[PDB]
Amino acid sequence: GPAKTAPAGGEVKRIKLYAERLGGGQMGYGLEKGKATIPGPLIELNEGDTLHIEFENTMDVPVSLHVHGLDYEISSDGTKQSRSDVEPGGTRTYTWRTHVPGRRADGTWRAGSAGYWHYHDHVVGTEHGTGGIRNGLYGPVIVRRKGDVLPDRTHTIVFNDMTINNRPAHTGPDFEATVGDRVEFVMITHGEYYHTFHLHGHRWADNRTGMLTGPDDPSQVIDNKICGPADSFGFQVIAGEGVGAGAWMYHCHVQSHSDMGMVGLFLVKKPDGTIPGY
């Protein structure tokens, strides 16, 4: 039937979050010890939500959690200079807040928190978290505005230096859907390089939600997007819409990059489970 939408926020929410080492000199965040992933756990909030994070550093080196776009005080900045990092074996409670749009007393329109954001390390290896980000400490954050369209499933694609989600070249990741599913994509970039993100057989609107608000929204519609370290955006597509089922490539479009394996599949299935030509 009609699209599902986000409820109003304003709830006070809590999660546990850990930083721990993974194989091969890699680091990630997790919701439980021994559960860490690259990228980290996806965090979703409704505008007005407050989130307290009970943070434990499991590692033998100082780490931090610094987030984009959300409201936080200087004590949640997650930086060395702000004394907000977390020592080895230590814990701290990071607090993220969130607000709805509205008229300022000066008569202007204050932008809400809503959008496609991310969190990552500001501390490991240098005071910009170069080592940490390189090792995999980063994760997506979605803040939704009341009435925002909710998807069937959400997937995070991170271009971190020459890799996707710190995976070895040519290893995807791949995401599955069924023709007609509403699929949300969160795209984040980290590290040294510019990239262009590209998706076969689909397009989105270049704007807050990734979708057009209606017939008056001028935003350019695009299948290809240039992005750079700490950039984040998102969007939703209806799997296979107008195109049909198939194995649909997404890849960085910088030629040496795609040539070198920054490539994935959006695997879109016929209602019966089959994918044509594959």
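Throughout, we count residues from 1 along the sequence that is shown.
Asks: Regarding 119-127 and 83-91, which shows the higher C-alpha temperature factor on average in the entry?
Replies: Taking the mean C-alpha B-factor of 119-127 and of 83-91, the larger value falls to 83-91.
Asks: Would you determine, from the values in the PDB entry, which of 186-194 and 144-152 has the greater average C-alpha temperature factor?
Replies: It is 144-152 that shows the higher mean C-alpha B-factor.
Asks: Quiz for you: based on the deposited Cα B-factor, which of 217, 241, 49, 231 is highest?
Replies: 49 has the highest C-alpha B-factor of those listed.
Asks: Going by the entry, which of 227, 42, 31, 252 has the most elevated CA B factor?
Replies: Of the options given, 31 has the highest CA B-factor in the PDB entry.
Asks: Sort the modelled residues of this chain by their C-alpha B factor and say whether residue 199 lands in the lowest, middle or highest third.
Replies: Within its chain, residue 199 is a lowest-third residue by C-alpha B-factor, going by the deposited values.
Asks: So where's residue 66 on the chain's Cα temperature factor ranking, which third?
Replies: Ranked within chain, residue 66 CA B lands in the middle tercile.
Asks: In terms of the chain's CA B-factor thirds, is residue 132 lowest, middle or highest?
Replies: Tercile = lowest for this residue's CA B-factor.
Asks: Could you look up the Cα B-factor of residue 236 in the entry and say which third of the chain it sits in: lowest, middle or highest?
Replies: Bottom third by C-alpha B-factor.
Asks: By its CA B factor, does residue 267 count among the lowest, middle or highest third of the modelled residues in the chain?
Replies: CA B-factor rank for residue 267: highest third.
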